[PDB]
Structure formats: C-alpha cells, structure tokens
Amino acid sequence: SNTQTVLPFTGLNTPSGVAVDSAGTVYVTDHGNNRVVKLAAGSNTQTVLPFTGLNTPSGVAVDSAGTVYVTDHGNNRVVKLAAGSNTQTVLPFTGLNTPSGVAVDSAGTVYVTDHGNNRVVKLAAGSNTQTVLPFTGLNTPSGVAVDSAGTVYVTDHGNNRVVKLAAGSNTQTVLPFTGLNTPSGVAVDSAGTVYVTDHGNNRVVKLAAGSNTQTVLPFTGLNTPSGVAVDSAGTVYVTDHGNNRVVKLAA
C-alpha cells in the first residue's frame, strides 16, 4: 500500500515502542503516560496492560506465546507479563543502565539494548546469568531486533548506523543503510528485510536480505518517529512519536 492509516489509539503521549503479535494485536509503550496499551486487530478500543510501577517505558516486544516484554527505562529494568496474567515478572538482568530497545527470539531469549553501557545483553529463558553480545564500537545504541535465524540487529544511534551479528558469530557487519540521521527503532520480517526508523529524517527505510540498496516506505506526515514493527502479512507499524499516534502501512 502507498496510503497509511492511523491506528485508533487514544490518549497516547509521546509513544515509543511498538510490537505486533501473530494475531495482529498491536502493543505500544505509551511512554509519556508510564503505561503499555494494546489494540486487537479490528478493535477501536485499546486496553491498558496490567503492568505496575512503570516509569518512562520505551521498548516493547511480544513472543509467540503472547508474553509481552517491556523495557522500564526509568527503573533500569525489563518486565514481562504472560498472556492473560495480571502479575508481572522482573527479569533478572544485572547492571542495566538506562536500557532502551528489547527483542525476544523464538527460543524465548530476551535481548536488551543497555544504552548507557554502550552494549547489548541477553538472557536465556529461565536463566539468571546474562551474556553480552560481542558488538564492537557501539555508541548510545537504541533499537534491537532478532530474526528467526538468530541474527541480532542494533541501531547504533550515536554512529548513525545499523549493525548486525549472526547467531554464534563474533564478527559484526555494518548494514549498507545510507543517509541515516539518528536512527531509532529497528525490526526484521520473516524474509530478513530490515526496517529502520530514520528518526532525524522523519522516515522509515528498509533493506532486503542480500541487497545493498535501501527503499523508503511511503509513510507521510511523520514527526520524529521512534518504534517500528512488521507483522507476518508485511504490514508495517510506526510510532509517530512527535504526533502522539501510531500509523500503519498495509502490504
């Protein structure tokens, strides 16, 4: 599609992260209101998720079981809520410093951009010992995403670049995105196409696997967008942070 629609959220204040689950339910970190809201596909009535004590939340992710993970950036923690539960769990990360993006892979491993420590960390499901991902040279990184192959993508915000690391690899590759200006969110679809919110240029760009020529998505009227997500149908969701709204592009 070349024409976006505005999602029927209400009351958002500078939304940040966005995630979409297998059923098309959309999750948004309503950053300015210290809450996370969700909107089922076909719904015009949002629900506020029963997280407790959030402060300035940023990243959000959802796994195949519908567990929702939130970076509680103001409280230096990552919390999760299982589908149907009203009792959150704080993940046993160590030494987090102003974390930003969060992603979850098909094994349940949780990846967090530890923004103030210039690093990305991960916690296996049921593990209490995190590991650091062997990225080099990160500078105030923000978004993180992980594909079904285990490849991890990070927006190296301070360096105006996007970096990736294959599973088990110790050698990162810098993606051939061009013209970036303070990149923010990142997402990856089932085909390996990487989507990046080009925050300072009010646009969203993508790079197909195997390609080194990017495409700009036909969003319009964005102001300082932040989070991005893509569902299994190819629909792309962007938190239009500056306009307190979430927009989507079908196809």
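The term rigid core refers to the maximal set of C-alpha atoms that superpose within 1.5 Å between the two forms. Residues carry their position along the shown sequence, with the first being 1.
Stretch comparison, 82 to 90 versus 133 to 141: after rigid core superposition, larger RMS CA deviation in 8 other deposited structures of this protein is found for 82 to 90. In this entry, 205 to 213 shows the higher mean Cα temperature factor of the pair 187 to 195 and 205 to 213. When the C-alpha B-factors of 155 to 163 and 105 to 113 are averaged, 155 to 163 comes out higher. Across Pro134, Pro92, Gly143, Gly74, the entry's maximum B-factor at the CA atom is seen for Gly74. Of the candidates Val120, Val79, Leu123, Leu96, the one whose C-alpha carries the top B factor in the deposited record is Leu96. In the deposited entry, the Cα temperature factor of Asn34 places it in the highest third of its chain's modelled residues. The entry lists a Cα temperature factor for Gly24 that places it in the middle third of the chain's modelled residues. In the PDB entry, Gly53 places in the highest third of its chain by CA B-factor. Split the chain's modelled residues into thirds by C-alpha temperature factor. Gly66 is in the middle one. The deposited CA B-factor of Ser232 belongs to the middle third of values across its chain.
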